[PDB]
Amino acid sequence: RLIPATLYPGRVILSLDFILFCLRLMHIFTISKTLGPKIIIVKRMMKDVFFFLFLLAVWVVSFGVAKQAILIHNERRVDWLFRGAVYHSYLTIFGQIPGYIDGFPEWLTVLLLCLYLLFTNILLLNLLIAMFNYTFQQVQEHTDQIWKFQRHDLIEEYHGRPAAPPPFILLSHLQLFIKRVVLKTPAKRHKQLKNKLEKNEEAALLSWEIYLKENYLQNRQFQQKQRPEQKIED
Amino acid sequence: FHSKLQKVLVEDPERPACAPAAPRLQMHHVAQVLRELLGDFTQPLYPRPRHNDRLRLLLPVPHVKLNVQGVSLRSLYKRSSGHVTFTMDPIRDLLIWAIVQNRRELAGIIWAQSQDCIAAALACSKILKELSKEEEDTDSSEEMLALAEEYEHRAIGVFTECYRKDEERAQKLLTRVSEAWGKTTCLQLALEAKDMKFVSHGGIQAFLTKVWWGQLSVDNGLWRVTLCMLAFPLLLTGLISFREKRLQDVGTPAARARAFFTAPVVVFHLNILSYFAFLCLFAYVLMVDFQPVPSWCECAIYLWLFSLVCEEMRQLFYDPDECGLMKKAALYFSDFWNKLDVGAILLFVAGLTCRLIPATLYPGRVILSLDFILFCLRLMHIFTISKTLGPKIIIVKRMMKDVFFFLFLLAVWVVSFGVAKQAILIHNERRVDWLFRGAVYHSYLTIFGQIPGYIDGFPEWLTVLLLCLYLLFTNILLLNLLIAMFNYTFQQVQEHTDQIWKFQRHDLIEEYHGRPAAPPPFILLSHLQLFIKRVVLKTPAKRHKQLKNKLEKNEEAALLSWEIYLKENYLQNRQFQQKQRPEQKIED
Amino acid sequence: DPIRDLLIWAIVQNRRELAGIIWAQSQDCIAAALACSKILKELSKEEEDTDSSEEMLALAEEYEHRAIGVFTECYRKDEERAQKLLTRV
């Protein structure tokens, strides 16, 4: 953008930069039980996303070239010859098919279009259904509780954050900026757990969970004594 | 197998092959039936040669003065040979004797004194499969196979303990010298012993991830090495660390480059990406160079396949038998994948003849275009390399024929509506071989989005009804129930398809451990390297670019004591955990 | 602390039974269970190469299991007191 001769690059680069902030948002928006663990799931696909890219997209090529091979097409110009050979191929997968243009070589055109879409819409989609259901059911007893683990990070961050909105968060920025010039030490406040406990009130507790500890271990060895295989070997 | 001792008695009977009288069995008779029981390997296992020819000993053939089979090296000839005893192994020969009489308990006991305790466990299980393969017909073949499984299970356990302690010593123990059962150091035994259990267990594919990733490193993935192909000056920086660089042995650019060259990972991508560019060349010779004359680019498509069929010749003649031409060729023909590669060659020839005839340039325009699609399926056969990729192509091994079944299921069911759609509406678009277009071509295109709704449209309610009626049978039954036919098939054979891919992954590893470091552009230099070597050395015994591990007797002794200690240690622990099964504590 | 220092001494010599016994006299009984399990992972993380790293990690799991149980009983009785017990000085 600083170079006026490259305004179109400045038109496109920031547009692509828009898409990085929303994925960062899903990193931040991993907050809800219906949302969080299922983004812990996509932690398993971010690299698997790329694997299925060069799986499905490279397999797109084996038909994108073959579709225009037999039919006589003549739509071409500099860098739009690519359009009439490749762009009009993937658009046919999801609905935009120039049937009045792509149409003796008709039976083979029907055969190949029937042949190839069975390999995508059945194998690479419907068997991908199988590659997804079991992966959901296998690591769910991890992805739920490990999200219970990583949910804390946002909780400390907002337990390590002032109450000023980003419009006004510069005021909180300058609040410590004017505080470091009069207090040159990072020991002003620990906006954190910082729980103070007295010795005596902790004593009335400590006796209690030691009572609870030997109580619970008595019950724990009791339930261990309830395992019938000791009553087999006794 | 006793009946097989009778057959081998008559395989070389008294008169024709063992000219003296011979209705009584011998020990080289057992050796020559172990010849067929296991593979084409080095099988000492006995003093087979004429020093101890155990094939003709009933008529008074004289002493060593003949040495054609005369056996008097140890003592005098008294219809015997003397103390020419085991010479290799007392106890695991007893192990063969226990299992050939269907004595399972005795074999289990005498395994505890066997010297091998790993390769014996694989080899015996293979022989057990051979016994079930040949003839049992009930009541023992199932339990031969199952007891072969539990010997393989003891092989699992002995590896489990020996890999735990001194894993580097264990991985070099997987490589023995051609001494005990000759070659097949408990790895090539696992090939014909069908061990998708043993090879898919802990450190096996880890060491196989050491021969793959041959010497350099194992940690780095495919993200920063793909930058190492193109950025030639980059390897000198601290981006990736060699094992040479692990000890800072990188002081020579030639060493840093050639050790990189000889790595099977690098030989892989050099053969893959250069061939991948060859597909781009084959597309370019038809996109722009679709000309009836040999241009500067048209001539480049000639001998690339000639540069690769010599590698296929190297596969044909690397270490086969010296007699078999349609004997090892049956191994190639045993797989339909190889016939698919043959079809890839023959379609090129079919389009070559059509191109050679100028009147059939359009056939030459279409046949090679269809031949393009065979190379990419062959690529997926080769590109079965990754854990997210490999086992799921082992899955499509279940669909390649199921692909065809769902072809003539879905496509023939396409017909029951393609004809019915044009039956009622009045259509008039027709000409020679385009009448088919307006009746059939404009039918399947309507399934996936291209619908001439302004053309296909009193007969409107019926048109809505039939289009609603039929698509429920495809998009629901034949797609959504096919979802059910896929999920369970994924979940049922996954405990096979993963480990059997752990099995078949080795084939690429031997092929790139049986490949030079020259790229296919320069692989003709390596072709001529052996072409000029066969005119000065007329023998296939120059190099065995393979495992070929040499082991000294004494250093192997300091090992052998150790895994026998580990064997009785582990079997003590194994019977200990068996003693931990509470049902004995029920019946005690 | 007398006893949970003995707890460190029991686990640094790969004495699992003794550590389990002396846990019953430990003053901490919650943070000791977490901290010791972490040290056990440290021992498996650094070097064991067989026969103990798996069982160091697994026995770290059962100390974490005792941490599960002691929380289970202490959260049941006086859950507000328990939640302030999760904050020590």
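All positions are counted from 1 along the displayed chain.
If you check the header, you will see the structure was determined by electron microscopy, 5.6 Å.
From the backbone N, Cα and C atoms, a Cβ is placed for every residue, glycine too.
Copied over from Swiss-Prot, here are the features:
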TOPO_DOM  A:4-11  topological domain 'Extracellular'
TRANSMEM  A:12-32  transmembrane segment
TOPO_DOM  A:33-44  topological domain 'Cytoplasmic'
TRANSMEM  A:45-65  transmembrane segment
TOPO_DOM  A:66-85  topological domain 'Extracellular'
INTRAMEM  A:86-100  intramembrane segment
MOTIF     A:94-97  motif 'Selectivity filter'
TRANSMEM  A:107-128  transmembrane segment
TOPO_DOM  A:129-163  topological domain 'Cytoplasmic'
INTRAMEM  A:164-182  intramembrane segment
For the transmembrane segment (A:12-32), sequence-distant contacts whose Cβ falls under 8 Å of one of its Cβ atoms, 6 or more beyond its ends: 1, 39-40, 42, 147, 150-151, 154
DSSP-assigned states of the topological domain 'Cytoplasmic' (A:129-163) in counts, ordered helix, strand, coil: 29 helix, 0 strand, 6 coil
The topological domain 'Extracellular' (A:66-85) - residue tally per DSSP class, helix then strand then coil: 8 helix, 0 strand, 12 coil
What parts of the chain pack near the topological domain 'Extracellular' (A:66-85), using Cβ distances under 8 Å and only residues at least 6 beyond its ends? 92, 101-103, 105, 108-109, 112-113, 116
Reported in the order helix, strand, coil, what are the DSSP residue counts of the topological domain 'Extracellular' (A:4-11)? 8 helix, 0 strand, 0 coil
